[PDB]
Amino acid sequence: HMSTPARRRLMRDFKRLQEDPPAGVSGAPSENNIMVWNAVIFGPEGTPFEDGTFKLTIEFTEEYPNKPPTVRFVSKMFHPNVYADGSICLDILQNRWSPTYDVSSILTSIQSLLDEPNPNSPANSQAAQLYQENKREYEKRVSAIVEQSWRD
């Protein structure tokens, strides 16, 4: 759509993602609603999430880009900063959002978060406990959800 500054900016976000995506990310507006996007993030290489293909949804309001969207994993996730319902604790989504961030930088930020959990936001208490105390078992759990992410 093109009727509002938020919509035109989202279309520019979409253009950047089509023609120049960061490694391992994709996103597109939903067919009927430019405010709701579907996105995919590949787990970062050299991390337990490598080979994962994780679907997410992103919901915008007309305040975008001055207010961050809400982002949720749709794929099953096992990560200290991700709630059971897919909600994500990411500082640029909660505390230091900037209108200069776009869909691309949100997706790469979540990607980076997969590699480096924030110890301040233990949304998944078992994931934070294993990450803190038992990396082998943490990665076994992540491997499970990597394999599950190959199934919608």
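Numbering starts at 1 and runs along the sequence shown.
Return whichever of 39-47 and 115-123 has the greater mean Cα B factor according to the PDB record. Mean CA B-factor is higher for 115-123.
141-149 or 1-9, whichever carries the higher mean Cα B-factor: Higher mean C-alpha B-factor in the PDB entry: 1-9.
Out of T108, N95, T53, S87, whose C-alpha atom has the biggest B factor in the entry? Of the options given, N95 has the highest CA B-factor in the PDB entry.
Which third of the chain does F60 land in by C-alpha B-factor: lowest, middle or highest? Its C-alpha B-factor belongs to the highest third of this chain's values.
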